[PDB]
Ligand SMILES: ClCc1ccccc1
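Below you'll find only one chain, the form deposited without (chloromethyl)benzene (9CL), shown as structure tokens.
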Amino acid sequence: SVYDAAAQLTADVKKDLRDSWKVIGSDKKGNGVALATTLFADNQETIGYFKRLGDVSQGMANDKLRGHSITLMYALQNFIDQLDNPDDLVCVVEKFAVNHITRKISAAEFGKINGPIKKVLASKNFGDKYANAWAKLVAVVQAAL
């Protein structure tokens, strides 16, 4: 199933993911925080999962939130690095899903991250072409939830 979702990651999709990540991943703290705060802004209900982070309205200045946002970017870094080897991509995605499954985060709930990603990409001038490529990567993760 995850192997099948990974099949949608064509040469063109992997190329756009890599090119866009070259920029997005160059500032993990700034964009990581951008992603997290955008998620909470567009889907306030997702905040229910982050009680531990405390006052998320503080954004960047919130040490726990900042700590989570930076760390989040390294999971994406991991995924991008494994793109050329489906066997490694799959084992890394399934490993990643373990804790999110335990948190009872469904594929549908996880899919809510697509909006914030599209926005973060757009702030760096990466159009729909790139947003669609990223949604396909997220779909691989969704297949594991």
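For every residue, the number given is its place in the sequence shown, counted from 1.
As for the form deposited with (chloromethyl)benzene (9CL) bound, it is not shown, yet the points below apply to it.
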inquiry  = Run the clash test for me: (chloromethyl)benzene (9CL) superposed onto this form using the site C-alphas, pose taken in the deposited bound form, blocked if at least 3 ligand atoms lie within 2.4 angstroms of backbone or C-beta, else open.
reply    = open
key: Distance check, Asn31 to (chloromethyl)benzene (9CL) in the deposited bound form, heavy atom within 4.5 Å   = yes
message = So, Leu89 and (chloromethyl)benzene (9CL): in the deposited bound form, are they within 4.5 Å at any heavy atom pair?
response = no
ask   = Using 4.5 Å between non-hydrogen atoms, is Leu121 touching (chloromethyl)benzene (9CL) in the deposited bound form?
value = yes
inquiry  = Need the contact residues for 64 to 103: heavy atom within 4.5 Å of (chloromethyl)benzene (9CL) in the deposited bound form, sequence order, or none if there are none.
reply    = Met73, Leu76
